[PDB]
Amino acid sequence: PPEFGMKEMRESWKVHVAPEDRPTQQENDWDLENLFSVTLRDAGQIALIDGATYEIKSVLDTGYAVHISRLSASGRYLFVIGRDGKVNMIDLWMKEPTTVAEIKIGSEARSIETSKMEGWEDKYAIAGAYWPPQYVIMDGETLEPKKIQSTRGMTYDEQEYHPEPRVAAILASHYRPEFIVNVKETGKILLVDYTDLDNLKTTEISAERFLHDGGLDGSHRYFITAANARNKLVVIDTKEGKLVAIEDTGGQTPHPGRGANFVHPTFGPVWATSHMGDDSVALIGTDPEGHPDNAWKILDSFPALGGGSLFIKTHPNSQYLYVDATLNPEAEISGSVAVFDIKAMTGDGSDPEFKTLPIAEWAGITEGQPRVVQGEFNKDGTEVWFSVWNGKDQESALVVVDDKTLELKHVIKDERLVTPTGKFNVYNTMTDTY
């Protein structure tokens, strides 16, 4: 299998608009923090959609099948990475936002993130690849590749050499000027300090194998991530740079996305995950100072719509916990979302009731069996969007739900809305509000 190093990255690196030629203030009249960046998967595009008016402001060409959008800490720069390893950086301040720089970082990739420590706004971006097993730290204004690190190495437990440790989720610390890198097959979480790329400080945390996705707790101090194939949640303290806990969720194949933080009426601050392998939702306590007896313990587990869930969501202004069932084989389940009333949760051991929102039905799609995927809130936390993902030559939609009432707010359809998948609100992504 071919390697992909600095020479290869630099050959693919193009700066379309140099920093000095970009605006010094916002030159369009858009409401950038309420904008949604929506993947148009099979079109190799993204749509920038007004969070209040639902107007598609622009459709931009990107790498094929963008996996996620991430925002710089200032909210000015939009970063997307295709599954092919192509990264595009877009300047939202331009009169007509477009790609200002691009680069290829490997042959297979899923993650990108921006520096989020106070004082390091817009300084760096980082991308992780499945192939070659590596991550790369890039300049936050130009995408210049600055530091490439191989993730080949020893497994944490058996301590045997692994020739293919894929980089899974990448998050950014709010406590130290560090990136948080999950290395799947070796079961290591890397805390990479970007204050000095020549004298590179890292903390390689032995965790659990099969690390995938995860998120920070409400305080933004603790990183909670799924070692999915081992059904565990690994907790690392980003302030102290150390593993704090590893706990089994009781479910099969936890798949949080970035997860859902909320204040449980009985348990206090918790983070929740749903599962791909069963219908369960698990809650872990996230407050060692205030609720020490509940911290890092699995406090409750209860059913949602069905197996094949990918994303769980809430917002500080919402009383609701939304859970999709995207990969369920049954169209009636994959086309709907479960919604729990957080205010009604007692943690008495019973199974909280949920309301079933018929999201695909609300979108009115005649053909196929579209899959509903990934709740994402607007900046005010008053509306939540879901993608109604159908095939490239079929009819898809976005469905906007009024969070206060749980009623349909708006259906977004456009001929350009091809295979809509991930949706990222600028404000909630730049601030890690989830």
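Only the largest set of C-alpha atoms that superpose within 1.5 Å between the two forms is called the rigid core. Each residue number is its position in the shown sequence, starting from 1.
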- [ ] Rigid core fitted first, then name the stretch among 360 to 368 and 206 to 214 whose C-alphas deviate most from the displayed form in 6 other deposited structures of this protein.
- [x] 360 to 368
Task: 55 to 63 against 34 to 42 - segment lying farther from this form in 6 other deposited structures of this protein (CA RMS, rigid core fit) - done: 55 to 63
Open item on the list: Please compare 340 to 348 with 173 to 181 and name the stretch with the higher mean C-alpha B-factor in the deposited structure.
Closed with: 340 to 348
Open item on the list: So, looking at the entry's B-factor column for Cα atoms, which has the higher mean, 47 to 55 or 365 to 373?
Closed with: 365 to 373
Open item on the list: Looking at the C-alpha B-factor values in the deposited entry, which of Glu204, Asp287, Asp84, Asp193 comes out highest?
Closed with: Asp84
- [ ] From the list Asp217, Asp324, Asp213, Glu247, select the residue with the highest C-alpha B factor recorded in the entry.
- [x] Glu247
Open item on the list: Quick check on the deposited entry: does the C-alpha B-factor of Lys379 sit in the lowest, middle or highest third of its chain?
Closed with: middle
Open item on the list: Split into thirds by Cα B-factor across the chain's modelled residues, where does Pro132 land: lowest, middle or highest?
Closed with: middle
Open item on the list: Could you place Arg166 in the lowest, middle or highest third of its chain by Cα temperature factor, using the values in the record?
Closed with: lowest
Open item on the list: Which third, lowest, middle or highest, does the C-alpha temperature factor of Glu96 belong to within its own chain?
Closed with: highest
TODO: Using the B-factors in the PDB entry, rank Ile333's C-alpha atom against the chain and give the third, lowest, middle or highest.
DONE: highest
